[PDB]
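Next comes data.txt, with compact mmCIF, N, CA and C atoms.
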# COMPACT_ATOMS: atom_id res chain seq x y z
N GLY A 1 -7.14 -4.87 25.83
CA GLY A 1 -6.42 -3.61 25.77
C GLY A 1 -6.83 -2.72 24.61
N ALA A 2 -8.02 -2.12 24.66
CA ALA A 2 -9.03 -2.34 25.70
C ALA A 2 -10.34 -1.69 25.24
N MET A 3 -11.47 -2.28 25.61
CA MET A 3 -12.78 -1.70 25.31
C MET A 3 -12.96 -1.43 23.81
N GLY A 4 -12.46 -2.35 22.99
CA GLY A 4 -12.70 -2.29 21.56
C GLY A 4 -11.90 -1.18 20.91
N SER A 5 -10.80 -0.79 21.55
CA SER A 5 -9.95 0.30 21.06
C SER A 5 -9.38 -0.03 19.70
N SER A 6 -9.07 1.03 18.94
CA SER A 6 -8.59 0.89 17.58
C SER A 6 -7.28 0.13 17.49
N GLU A 7 -7.21 -0.78 16.54
CA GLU A 7 -5.95 -1.43 16.24
C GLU A 7 -5.57 -1.19 14.79
N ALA A 8 -6.09 -0.12 14.21
CA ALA A 8 -5.85 0.18 12.80
C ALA A 8 -4.37 0.34 12.46
N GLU A 9 -3.65 1.13 13.24
CA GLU A 9 -2.25 1.39 12.99
C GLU A 9 -1.47 0.09 13.14
N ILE A 10 -1.78 -0.66 14.17
CA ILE A 10 -1.13 -1.94 14.39
C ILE A 10 -1.37 -2.92 13.23
N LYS A 11 -2.59 -2.97 12.70
CA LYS A 11 -2.88 -3.86 11.58
C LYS A 11 -2.06 -3.47 10.35
N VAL A 12 -1.96 -2.18 10.07
CA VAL A 12 -1.12 -1.72 8.96
C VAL A 12 0.35 -2.12 9.17
N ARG A 13 0.85 -1.95 10.39
CA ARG A 13 2.25 -2.31 10.68
C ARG A 13 2.48 -3.79 10.40
N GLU A 14 1.55 -4.62 10.85
CA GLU A 14 1.65 -6.05 10.66
C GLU A 14 1.65 -6.39 9.18
N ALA A 15 0.78 -5.72 8.42
CA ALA A 15 0.64 -5.97 7.00
C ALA A 15 1.87 -5.53 6.21
N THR A 16 2.63 -4.60 6.76
CA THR A 16 3.77 -4.05 6.04
C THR A 16 5.14 -4.33 6.68
N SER A 17 5.21 -5.38 7.48
CA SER A 17 6.44 -5.73 8.19
C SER A 17 7.55 -6.20 7.25
N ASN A 18 8.74 -6.36 7.79
CA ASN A 18 9.84 -6.88 7.00
C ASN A 18 9.79 -8.40 6.77
N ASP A 19 8.80 -9.09 7.33
CA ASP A 19 8.66 -10.54 7.13
C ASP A 19 8.50 -10.86 5.64
N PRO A 20 9.20 -11.90 5.15
CA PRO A 20 9.12 -12.28 3.73
C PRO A 20 7.90 -13.09 3.34
N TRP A 21 6.81 -12.90 4.07
CA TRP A 21 5.51 -13.45 3.73
C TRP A 21 4.47 -12.35 3.91
N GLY A 22 3.29 -12.51 3.32
CA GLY A 22 2.25 -11.50 3.41
C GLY A 22 2.48 -10.37 2.41
N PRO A 23 1.68 -9.30 2.50
CA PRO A 23 0.61 -9.19 3.50
C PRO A 23 -0.52 -10.19 3.27
N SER A 24 -1.08 -10.69 4.37
CA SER A 24 -2.22 -11.58 4.31
C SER A 24 -3.50 -10.91 3.76
N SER A 25 -4.22 -11.65 2.92
CA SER A 25 -5.43 -11.14 2.27
C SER A 25 -6.56 -10.86 3.25
N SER A 26 -6.67 -11.68 4.28
CA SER A 26 -7.72 -11.46 5.27
C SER A 26 -7.43 -10.21 6.10
N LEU A 27 -6.15 -9.98 6.39
CA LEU A 27 -5.77 -8.80 7.15
C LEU A 27 -6.02 -7.59 6.27
N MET A 28 -5.66 -7.70 5.00
CA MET A 28 -5.85 -6.58 4.10
C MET A 28 -7.35 -6.29 4.00
N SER A 29 -8.20 -7.32 4.00
CA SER A 29 -9.64 -7.09 3.93
C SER A 29 -10.14 -6.34 5.17
N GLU A 30 -9.63 -6.71 6.34
CA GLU A 30 -9.98 -5.99 7.56
C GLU A 30 -9.62 -4.50 7.47
N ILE A 31 -8.42 -4.21 6.98
CA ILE A 31 -7.96 -2.83 6.83
C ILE A 31 -8.87 -2.10 5.82
N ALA A 32 -9.25 -2.77 4.73
CA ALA A 32 -10.13 -2.17 3.74
C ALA A 32 -11.47 -1.79 4.38
N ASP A 33 -12.07 -2.67 5.18
CA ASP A 33 -13.31 -2.30 5.85
C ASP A 33 -13.11 -1.08 6.76
N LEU A 34 -11.98 -1.04 7.47
CA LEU A 34 -11.69 0.08 8.37
C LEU A 34 -11.51 1.41 7.62
N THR A 35 -11.12 1.37 6.35
CA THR A 35 -11.02 2.65 5.61
C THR A 35 -12.33 3.42 5.45
N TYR A 36 -13.47 2.75 5.67
CA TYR A 36 -14.76 3.43 5.69
C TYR A 36 -15.05 4.08 7.02
N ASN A 37 -14.20 3.87 8.01
CA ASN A 37 -14.33 4.48 9.33
C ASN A 37 -13.40 5.70 9.34
N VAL A 38 -13.95 6.89 9.39
CA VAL A 38 -13.16 8.10 9.13
C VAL A 38 -11.95 8.25 10.09
N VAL A 39 -12.16 7.90 11.35
CA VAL A 39 -11.08 7.93 12.34
C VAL A 39 -9.97 6.91 11.99
N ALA A 40 -10.40 5.68 11.73
CA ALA A 40 -9.46 4.63 11.34
C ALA A 40 -8.77 4.95 10.02
N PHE A 41 -9.47 5.57 9.08
CA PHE A 41 -8.90 5.92 7.78
C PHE A 41 -7.67 6.78 7.99
N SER A 42 -7.78 7.81 8.82
CA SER A 42 -6.62 8.64 9.07
C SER A 42 -5.44 7.87 9.66
N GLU A 43 -5.72 7.01 10.64
CA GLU A 43 -4.66 6.17 11.24
C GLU A 43 -3.99 5.27 10.20
N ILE A 44 -4.79 4.71 9.30
CA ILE A 44 -4.33 3.72 8.33
C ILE A 44 -3.44 4.43 7.33
N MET A 45 -3.92 5.53 6.79
CA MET A 45 -3.23 6.19 5.72
C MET A 45 -1.93 6.78 6.25
N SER A 46 -1.93 7.32 7.45
CA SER A 46 -0.70 7.88 7.99
C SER A 46 0.36 6.79 8.07
N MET A 47 -0.02 5.63 8.61
CA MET A 47 0.93 4.54 8.75
C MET A 47 1.41 4.02 7.39
N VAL A 48 0.55 3.98 6.39
CA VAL A 48 0.96 3.50 5.08
C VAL A 48 1.97 4.46 4.47
N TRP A 49 1.72 5.76 4.52
CA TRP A 49 2.66 6.75 3.99
C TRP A 49 4.00 6.70 4.73
N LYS A 50 3.98 6.43 6.03
CA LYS A 50 5.22 6.27 6.77
C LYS A 50 6.01 5.07 6.24
N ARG A 51 5.35 3.93 6.04
CA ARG A 51 6.04 2.74 5.58
C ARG A 51 6.56 2.96 4.15
N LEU A 52 5.84 3.73 3.35
CA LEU A 52 6.25 4.06 1.99
C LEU A 52 7.45 5.00 1.94
N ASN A 53 7.82 5.56 3.09
CA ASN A 53 8.91 6.53 3.21
C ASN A 53 10.11 5.96 3.98
N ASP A 54 10.13 4.64 4.18
CA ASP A 54 11.31 3.94 4.71
C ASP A 54 12.32 3.64 3.60
N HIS A 55 13.51 3.15 3.98
CA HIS A 55 14.59 2.99 3.05
C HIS A 55 15.47 1.82 3.45
N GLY A 56 16.40 1.52 2.54
CA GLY A 56 17.51 0.62 2.80
C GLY A 56 17.08 -0.78 3.21
N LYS A 57 17.58 -1.23 4.35
CA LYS A 57 17.27 -2.56 4.88
C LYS A 57 15.79 -2.71 5.21
N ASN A 58 15.07 -1.59 5.26
CA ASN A 58 13.62 -1.62 5.49
C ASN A 58 12.83 -1.53 4.19
N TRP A 59 13.47 -1.85 3.07
CA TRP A 59 12.82 -1.80 1.76
C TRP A 59 11.51 -2.58 1.67
N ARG A 60 11.39 -3.69 2.41
CA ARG A 60 10.18 -4.50 2.30
C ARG A 60 8.98 -3.76 2.92
N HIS A 61 9.23 -2.83 3.85
CA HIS A 61 8.17 -1.96 4.35
C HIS A 61 7.56 -1.24 3.17
N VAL A 62 8.41 -0.77 2.26
CA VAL A 62 7.95 0.07 1.15
C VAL A 62 7.22 -0.81 0.14
N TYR A 63 7.82 -1.95 -0.19
CA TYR A 63 7.21 -2.88 -1.14
C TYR A 63 5.83 -3.35 -0.66
N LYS A 64 5.76 -3.83 0.59
CA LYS A 64 4.50 -4.33 1.14
C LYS A 64 3.46 -3.22 1.37
N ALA A 65 3.91 -2.02 1.70
CA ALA A 65 3.00 -0.88 1.81
C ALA A 65 2.39 -0.58 0.46
N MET A 66 3.11 -0.83 -0.64
CA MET A 66 2.53 -0.55 -1.96
C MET A 66 1.51 -1.64 -2.28
N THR A 67 1.79 -2.89 -1.90
CA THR A 67 0.82 -3.96 -2.08
C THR A 67 -0.45 -3.65 -1.29
N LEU A 68 -0.28 -3.20 -0.05
CA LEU A 68 -1.43 -2.83 0.76
C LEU A 68 -2.16 -1.63 0.15
N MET A 69 -1.44 -0.59 -0.23
CA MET A 69 -2.08 0.59 -0.79
C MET A 69 -2.86 0.21 -2.04
N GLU A 70 -2.30 -0.61 -2.92
CA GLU A 70 -3.02 -1.05 -4.09
C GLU A 70 -4.33 -1.75 -3.72
N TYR A 71 -4.24 -2.66 -2.77
CA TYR A 71 -5.43 -3.38 -2.31
C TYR A 71 -6.48 -2.41 -1.76
N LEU A 72 -6.07 -1.40 -1.00
CA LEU A 72 -7.01 -0.44 -0.42
C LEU A 72 -7.60 0.50 -1.47
N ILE A 73 -6.80 0.88 -2.46
CA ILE A 73 -7.28 1.68 -3.58
C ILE A 73 -8.42 0.94 -4.30
N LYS A 74 -8.26 -0.36 -4.49
CA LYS A 74 -9.22 -1.15 -5.26
C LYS A 74 -10.39 -1.68 -4.44
N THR A 75 -10.19 -1.85 -3.13
CA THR A 75 -11.13 -2.60 -2.30
C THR A 75 -11.74 -1.79 -1.14
N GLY A 76 -11.09 -0.68 -0.80
CA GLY A 76 -11.49 0.14 0.33
C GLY A 76 -12.35 1.31 -0.09
N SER A 77 -12.55 2.25 0.83
CA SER A 77 -13.25 3.50 0.54
C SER A 77 -12.61 4.23 -0.64
N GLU A 78 -13.43 4.88 -1.45
CA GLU A 78 -12.93 5.66 -2.57
C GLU A 78 -12.07 6.84 -2.11
N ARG A 79 -12.15 7.17 -0.82
CA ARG A 79 -11.28 8.19 -0.23
C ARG A 79 -9.82 7.78 -0.27
N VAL A 80 -9.56 6.48 -0.32
CA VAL A 80 -8.18 5.99 -0.41
C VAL A 80 -7.53 6.45 -1.72
N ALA A 81 -8.17 6.12 -2.84
CA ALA A 81 -7.63 6.48 -4.16
C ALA A 81 -7.52 8.00 -4.28
N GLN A 82 -8.50 8.71 -3.74
CA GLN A 82 -8.47 10.15 -3.80
C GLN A 82 -7.26 10.71 -3.08
N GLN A 83 -6.99 10.21 -1.87
CA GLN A 83 -5.85 10.73 -1.13
C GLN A 83 -4.54 10.32 -1.83
N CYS A 84 -4.52 9.15 -2.45
CA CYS A 84 -3.31 8.71 -3.13
C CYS A 84 -3.00 9.59 -4.34
N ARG A 85 -4.04 10.00 -5.06
CA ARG A 85 -3.87 10.87 -6.21
C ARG A 85 -3.40 12.24 -5.75
N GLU A 86 -3.93 12.69 -4.61
CA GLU A 86 -3.48 13.95 -4.00
C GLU A 86 -2.00 13.90 -3.59
N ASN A 87 -1.56 12.72 -3.16
CA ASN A 87 -0.19 12.54 -2.70
C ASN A 87 0.63 11.71 -3.66
N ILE A 88 0.42 11.93 -4.96
CA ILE A 88 1.00 11.05 -5.97
C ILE A 88 2.54 11.09 -5.97
N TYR A 89 3.14 12.22 -5.60
CA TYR A 89 4.59 12.32 -5.58
C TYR A 89 5.22 11.27 -4.66
N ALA A 90 4.54 10.95 -3.55
CA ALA A 90 5.01 9.96 -2.59
C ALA A 90 5.04 8.55 -3.18
N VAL A 91 4.26 8.32 -4.24
CA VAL A 91 4.38 7.06 -4.98
C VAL A 91 5.41 7.19 -6.13
N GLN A 92 5.35 8.29 -6.87
CA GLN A 92 6.26 8.50 -8.00
C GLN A 92 7.73 8.44 -7.59
N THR A 93 8.06 8.94 -6.40
CA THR A 93 9.44 8.97 -5.96
C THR A 93 9.99 7.56 -5.86
N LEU A 94 9.11 6.59 -5.65
CA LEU A 94 9.54 5.21 -5.45
C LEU A 94 10.02 4.53 -6.73
N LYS A 95 9.74 5.14 -7.88
CA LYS A 95 10.29 4.66 -9.15
C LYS A 95 11.80 4.89 -9.18
N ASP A 96 12.30 5.70 -8.24
CA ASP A 96 13.73 5.98 -8.10
C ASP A 96 14.38 5.27 -6.92
N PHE A 97 13.62 4.44 -6.22
CA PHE A 97 14.11 3.79 -5.00
C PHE A 97 15.28 2.87 -5.30
N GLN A 98 16.33 2.97 -4.49
CA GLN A 98 17.53 2.13 -4.64
C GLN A 98 17.78 1.31 -3.40
N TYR A 99 18.07 0.03 -3.58
CA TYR A 99 18.69 -0.77 -2.52
C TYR A 99 19.36 -2.02 -3.03
N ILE A 100 20.66 -2.11 -2.75
CA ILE A 100 21.45 -3.32 -2.99
C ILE A 100 21.67 -3.96 -1.62
N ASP A 101 21.25 -5.21 -1.46
CA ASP A 101 21.46 -5.87 -0.19
C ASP A 101 22.89 -6.42 -0.06
N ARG A 102 23.19 -7.03 1.07
CA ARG A 102 24.57 -7.41 1.34
C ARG A 102 25.02 -8.60 0.49
N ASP A 103 24.06 -9.32 -0.09
CA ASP A 103 24.35 -10.40 -1.03
C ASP A 103 24.52 -9.85 -2.45
N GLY A 104 24.40 -8.53 -2.58
CA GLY A 104 24.65 -7.85 -3.84
C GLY A 104 23.41 -7.80 -4.72
N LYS A 105 22.29 -8.29 -4.21
CA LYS A 105 21.11 -8.40 -5.06
C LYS A 105 20.20 -7.17 -4.98
N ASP A 106 19.71 -6.77 -6.14
CA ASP A 106 18.99 -5.51 -6.30
C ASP A 106 17.54 -5.66 -5.86
N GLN A 107 17.26 -5.44 -4.58
CA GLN A 107 15.88 -5.52 -4.10
C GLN A 107 15.09 -4.30 -4.55
N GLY A 108 15.79 -3.20 -4.79
CA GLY A 108 15.16 -1.97 -5.25
C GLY A 108 14.40 -2.15 -6.55
N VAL A 109 14.87 -3.03 -7.44
CA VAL A 109 14.16 -3.23 -8.70
C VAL A 109 12.68 -3.61 -8.50
N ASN A 110 12.37 -4.43 -7.50
CA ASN A 110 10.99 -4.79 -7.21
C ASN A 110 10.18 -3.57 -6.78
N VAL A 111 10.80 -2.70 -5.98
CA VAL A 111 10.13 -1.49 -5.54
C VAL A 111 9.85 -0.58 -6.72
N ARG A 112 10.82 -0.41 -7.61
CA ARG A 112 10.68 0.53 -8.72
C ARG A 112 9.59 0.08 -9.67
N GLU A 113 9.54 -1.22 -9.93
CA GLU A 113 8.53 -1.73 -10.86
C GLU A 113 7.12 -1.66 -10.28
N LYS A 114 6.97 -2.03 -9.00
CA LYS A 114 5.67 -1.94 -8.33
C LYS A 114 5.19 -0.48 -8.30
N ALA A 115 6.09 0.46 -8.02
CA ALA A 115 5.75 1.88 -8.04
C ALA A 115 5.29 2.32 -9.44
N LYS A 116 6.01 1.91 -10.48
CA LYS A 116 5.65 2.25 -11.85
C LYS A 116 4.20 1.85 -12.12
N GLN A 117 3.87 0.60 -11.78
CA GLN A 117 2.52 0.09 -12.03
C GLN A 117 1.45 0.79 -11.21
N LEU A 118 1.78 1.14 -9.97
CA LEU A 118 0.80 1.78 -9.11
C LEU A 118 0.53 3.20 -9.60
N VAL A 119 1.55 3.87 -10.13
CA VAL A 119 1.37 5.21 -10.64
C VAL A 119 0.48 5.19 -11.88
N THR A 120 0.71 4.25 -12.82
CA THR A 120 -0.15 4.21 -14.02
C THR A 120 -1.61 3.91 -13.66
N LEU A 121 -1.82 3.03 -12.68
CA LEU A 121 -3.17 2.76 -12.20
C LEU A 121 -3.84 4.02 -11.64
N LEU A 122 -3.14 4.72 -10.74
CA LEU A 122 -3.71 5.89 -10.07
C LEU A 122 -4.06 7.02 -11.04
N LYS A 123 -3.33 7.11 -12.15
CA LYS A 123 -3.56 8.18 -13.11
C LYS A 123 -4.74 7.91 -14.05
N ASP A 124 -5.36 6.73 -13.95
CA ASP A 124 -6.40 6.33 -14.90
C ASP A 124 -7.71 5.95 -14.19
N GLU A 125 -8.67 6.87 -14.18
CA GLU A 125 -9.90 6.68 -13.41
C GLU A 125 -10.79 5.57 -13.96
N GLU A 126 -10.75 5.35 -15.27
CA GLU A 126 -11.45 4.20 -15.86
C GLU A 126 -10.88 2.87 -15.35
N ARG A 127 -9.56 2.78 -15.38
CA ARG A 127 -8.88 1.60 -14.85
C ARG A 127 -9.27 1.40 -13.40
N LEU A 128 -9.36 2.47 -12.63
CA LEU A 128 -9.72 2.32 -11.23
C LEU A 128 -11.12 1.70 -11.10
N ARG A 129 -12.09 2.16 -11.90
CA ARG A 129 -13.45 1.57 -11.84
C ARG A 129 -13.50 0.07 -12.15
N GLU A 130 -12.81 -0.33 -13.22
CA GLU A 130 -12.72 -1.73 -13.65
C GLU A 130 -12.06 -2.60 -12.57
N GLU A 131 -10.98 -2.05 -12.01
CA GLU A 131 -10.20 -2.75 -11.01
C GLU A 131 -11.06 -2.89 -9.77
N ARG A 132 -11.89 -1.90 -9.46
CA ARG A 132 -12.71 -1.97 -8.25
C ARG A 132 -13.78 -3.05 -8.35
N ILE A 133 -14.45 -3.16 -9.49
CA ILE A 133 -15.42 -4.24 -9.66
C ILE A 133 -14.75 -5.60 -9.46
N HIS A 134 -13.62 -5.81 -10.13
CA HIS A 134 -12.93 -7.10 -9.98
C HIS A 134 -12.45 -7.33 -8.53
N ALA A 135 -11.94 -6.28 -7.89
CA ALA A 135 -11.37 -6.41 -6.55
C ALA A 135 -12.47 -6.70 -5.53
N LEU A 136 -13.64 -6.09 -5.70
CA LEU A 136 -14.73 -6.25 -4.75
C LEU A 136 -15.30 -7.63 -4.90
N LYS A 137 -15.30 -8.15 -6.11
CA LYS A 137 -15.69 -9.54 -6.30
C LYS A 137 -14.72 -10.52 -5.63
N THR A 138 -13.42 -10.25 -5.70
CA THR A 138 -12.46 -11.06 -4.96
C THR A 138 -12.75 -10.99 -3.44
N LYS A 139 -13.02 -9.78 -2.93
CA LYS A 139 -13.28 -9.55 -1.51
C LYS A 139 -14.48 -10.35 -1.03
N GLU A 140 -15.60 -10.21 -1.74
CA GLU A 140 -16.81 -10.96 -1.41
C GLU A 140 -16.67 -12.33 -2.08
Would you encode the structure as structure tokens?
Amino acid sequence: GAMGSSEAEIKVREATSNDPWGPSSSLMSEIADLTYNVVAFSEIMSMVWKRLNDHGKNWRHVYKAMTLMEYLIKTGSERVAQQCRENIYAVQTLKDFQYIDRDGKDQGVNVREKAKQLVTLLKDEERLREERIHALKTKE
């Protein structure tokens, strides 16, 4: 289903699901390779920004989308980091993300801290170069 049709959006959804495991490194590597495919890049990034804009009980979409975005910034096409810097507000807003679950536990704190770290990385082009060498070595 069918004829080698794109599964880019589906792979991103899988990588950013509410499941309390993942995202898987092999799946993330597949998505990173697809970011060099201009058609797939658009599908991937749109889905990641959507997951980064979920809330509440879907907080893990946001947390896992940041893990995926970080991996793609470091391991994928340099167009990823460029688009993220262009859309930096969509990451910065997450430093304000709130969610208290029904057990009273602050899941939002994980989102806010991950966002803080991703923003400092994106603002530093030297850090991005260093991180890319290390990340590409992990990939290969």
Exercise for the section: Enter the distance from CA of residue 82 (chain A) to atom N of residue 21 (chain A), in Å, rounded to one decimal. Expected result: 28.8 Å
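Distance-wise, CA of residue 41 (chain A) and atom C of residue 111 (chain A) end up 24.6 Å apart.
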Practice task
For each of A:64, A:102, A:11, A:74, take the minimum atom-to-atom distance to residue 139 (chain A), counting only C-alpha atoms, then give the residue where this is smallest.
Solution key: A:74
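Close contacts of residue 99 (chain A), defined as residues with an atom at most 7 Å away when counting only C-alpha atoms, with chain neighbours fewer than 3 positions off set aside, comprise residues 56, 106, 107 and 108 of chain A.
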Identify, on the basis of only N, CA and C atoms, every residue whose closest approach to region 3-10 of chain A does not exceed 8 Å; exclude the query and any residue fewer than 4 positions from it along the same chain; express the result as a PDB file with N, CA and C atoms, keeping the file's coordinate frame.
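Wrote around.pdb, looks like this:
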ATOM      1  N   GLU A  14       1.550  -4.620  10.850  1.00  0.00           N
ATOM      2  CA  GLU A  14       1.650  -6.050  10.660  1.00  0.00           C
ATOM      3  C   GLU A  14       1.650  -6.390   9.180  1.00  0.00           C
ATOM      4  N   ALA A  15       0.780  -5.720   8.420  1.00  0.00           N
ATOM      5  CA  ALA A  15       0.640  -5.970   7.000  1.00  0.00           C
ATOM      6  C   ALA A  15       1.870  -5.530   6.210  1.00  0.00           C
ATOM      7  N   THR A  16       2.630  -4.600   6.760  1.00  0.00           N
ATOM      8  CA  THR A  16       3.770  -4.050   6.040  1.00  0.00           C
ATOM      9  C   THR A  16       5.140  -4.330   6.680  1.00  0.00           C
ATOM     10  N   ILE A  31      -8.420  -4.210   6.980  1.00  0.00           N
ATOM     11  CA  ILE A  31      -7.960  -2.830   6.830  1.00  0.00           C
ATOM     12  C   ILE A  31      -8.870  -2.100   5.820  1.00  0.00           C
ATOM     13  N   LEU A  34     -11.980  -1.040   7.470  1.00  0.00           N
ATOM     14  CA  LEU A  34     -11.690   0.080   8.370  1.00  0.00           C
ATOM     15  C   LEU A  34     -11.510   1.410   7.620  1.00  0.00           C
ATOM     16  N   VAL A  39     -12.160   7.900  11.350  1.00  0.00           N
ATOM     17  CA  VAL A  39     -11.080   7.930  12.340  1.00  0.00           C
ATOM     18  C   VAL A  39      -9.970   6.910  11.990  1.00  0.00           C
ATOM     19  N   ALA A  40     -10.400   5.680  11.730  1.00  0.00           N
ATOM     20  CA  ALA A  40      -9.460   4.630  11.340  1.00  0.00           C
ATOM     21  C   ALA A  40      -8.770   4.950  10.020  1.00  0.00           C
ATOM     22  N   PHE A  41      -9.470   5.570   9.080  1.00  0.00           N
ATOM     23  CA  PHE A  41      -8.900   5.920   7.780  1.00  0.00           C
ATOM     24  C   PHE A  41      -7.670   6.780   7.990  1.00  0.00           C
ATOM     25  N   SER A  42      -7.780   7.810   8.820  1.00  0.00           N
ATOM     26  CA  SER A  42      -6.620   8.640   9.070  1.00  0.00           C
ATOM     27  C   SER A  42      -5.440   7.870   9.660  1.00  0.00           C
ATOM     28  N   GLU A  43      -5.720   7.010  10.640  1.00  0.00           N
ATOM     29  CA  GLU A  43      -4.660   6.170  11.240  1.00  0.00           C
ATOM     30  C   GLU A  43      -3.990   5.270  10.200  1.00  0.00           C
ATOM     31  N   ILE A  44      -4.790   4.710   9.300  1.00  0.00           N
ATOM     32  CA  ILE A  44      -4.330   3.720   8.330  1.00  0.00           C
ATOM     33  C   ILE A  44      -3.440   4.430   7.330  1.00  0.00           C
ATOM     34  N   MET A  45      -3.920   5.530   6.790  1.00  0.00           N
ATOM     35  CA  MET A  45      -3.230   6.190   5.720  1.00  0.00           C
ATOM     36  C   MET A  45      -1.930   6.780   6.250  1.00  0.00           C
ATOM     37  N   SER A  46      -1.930   7.320   7.450  1.00  0.00           N
ATOM     38  CA  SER A  46      -0.700   7.880   7.990  1.00  0.00           C
ATOM     39  C   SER A  46       0.360   6.790   8.070  1.00  0.00           C
ATOM     40  N   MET A  47      -0.020   5.630   8.610  1.00  0.00           N
ATOM     41  CA  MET A  47       0.930   4.540   8.750  1.00  0.00           C
ATOM     42  C   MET A  47       1.410   4.020   7.390  1.00  0.00           C
ATOM     43  N   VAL A  48       0.550   3.980   6.390  1.00  0.00           N
ATOM     44  CA  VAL A  48       0.960   3.500   5.080  1.00  0.00           C
ATOM     45  C   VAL A  48       1.970   4.460   4.470  1.00  0.00           C
TER      46      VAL A  48
END
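Using only N, CA and C atoms for every distance, the candidate list A:119, A:133, A:12, A:69 yields A:69 as the residue closest to residue 81 (chain A).
Close contacts of residue 137 (chain A), defined as residues with an atom at most 8 Å away when counting only N, CA and C atoms, with chain neighbours fewer than 5 positions off set aside, comprise residues 75, 131 and 132 of chain A.
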Problem - Residues within 12 Å of (8.6, -0.1, -12.5), file coords, only C-alpha atoms, listed as an NGL selection string - result: :A and (63 or 91-97 or 108-120)
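Atom pair CA of residue 86 (chain A) / CA of residue 72 (chain A) has a distance of 15.2 Å (rounded to one decimal).
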Practice task
May I ask which of the residues A:128, A:80, A:38, A:28 is the closest one to residue 68 (chain A), counting only C-alpha atoms?
Solution key: A:28
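Candidate residues A:52, A:84, A:73, A:2 were compared for distance to residue 135 (chain A), and the nearest is A:73, using only C-alpha atoms.
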Using the file's own x, y and z axes, what box holds all listed atoms of region 98-108 of chain A with 3 Å on each side, keeping edges along x, y and z, and what are its centre and edge lengths in Å to one decimal, as JSON?
{"center_x": 19.7, "center_y": -3.7, "center_z": -2.6, "size_x": 16.6, "size_y": 19.4, "size_z": 13.9}
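The smallest atom-to-atom distance between residue 100 (chain A) and any of A:57, A:129, A:79, A:123, using only N, CA and C atoms, is found for A:57.
Nearest-residue note for residue 89 (chain A): choosing from A:122, A:17, A:36, A:30, the minimum distance belongs to A:122, counting only C-alpha atoms.
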Exercise for the section: List every residue of chain A that DSSP, applied to the backbone, labels as helix (DSSP H, G or I), and write the result as a PyMOL selection string. Expected result: chain A and resi 8-15+25-34+38-51+56-75+78-86+89-96+108-122+125-139
